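Inspection log for the structure reproduced underneath, given as structure tokens.
Counting neighbours? That spans all protein chains shown, and the Cβs are built from the backbone with ideal geometry, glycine included. None of the figures in this text is laboratory data; all of them are computed from the coordinates on show.
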Amino acid sequence: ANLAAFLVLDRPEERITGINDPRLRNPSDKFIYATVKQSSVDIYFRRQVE
Amino acid sequence: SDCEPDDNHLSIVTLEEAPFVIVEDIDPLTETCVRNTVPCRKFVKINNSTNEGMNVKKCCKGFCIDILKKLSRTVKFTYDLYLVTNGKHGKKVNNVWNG
């Protein structure tokens, strides 16, 4: 039963699930993520300045 | 020119020690502040002996800032922010408060 429960418990649903995530809200040094350059994504990020 | 009795100044002092109001300073880029923020002036401590402090403008944003903005857009009062120098909340020592 313990082995079955441990096998069932896997979680790890990519830990992001879209833009709305605490990891993306507060930047983390360990988790590195960014865009390429001053592209439309960069303009959108600057426009939604929060 | 001659005289004008007006009101709605309402100087406000806020504490830079709670998550409801950030301590963000002037950034070198854009308009020296955030696109969604309000000005706030705080006396600085240039030296440990001299109490003189330059009133450098700062960008204050937070829950209290949003509440103040809503109040301003509702009751139409033109506000100006401020920050105290000694203490945050204070206490009644010899009938004198602080903060």
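Can residue A:28 be described as of a type in the set (S, T, N, Q) and either in contact with an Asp or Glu (Cβ under 9 Å, 6 or more places away or on another chain) or surrounded by 10 or more Cβ atoms within 10 Å (Cβ to Cβ) (or both)?
Judged against the criteria, residue A:28 is a match.
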How about the stretch B:1-54: which of its residues are surrounded by 10 or more Cβ atoms within 10 Å (Cβ to Cβ), in contact (Cβ under 8 Å) with a residue 60 or more places away in the chain and not β-branched (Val, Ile, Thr)? B:8, B:9, B:10, B:15, B:16, B:17
Restricting to chain A, name every residue that is within 14 Å of chain B (Cβ to nearest Cβ) and either touching a residue at least 60 places away in the same chain (Cβ under 8 Å) or part of a loop (DSSP other than H, G, I, E, B) (or both). A:26, A:38, A:48, A:49, A:50
Which fully enclosed strands (runs of 3 or more DSSP E) of the stretch B:1-93 have 3 or more residues being within 14 Å of chain A (Cβ to nearest Cβ)? none
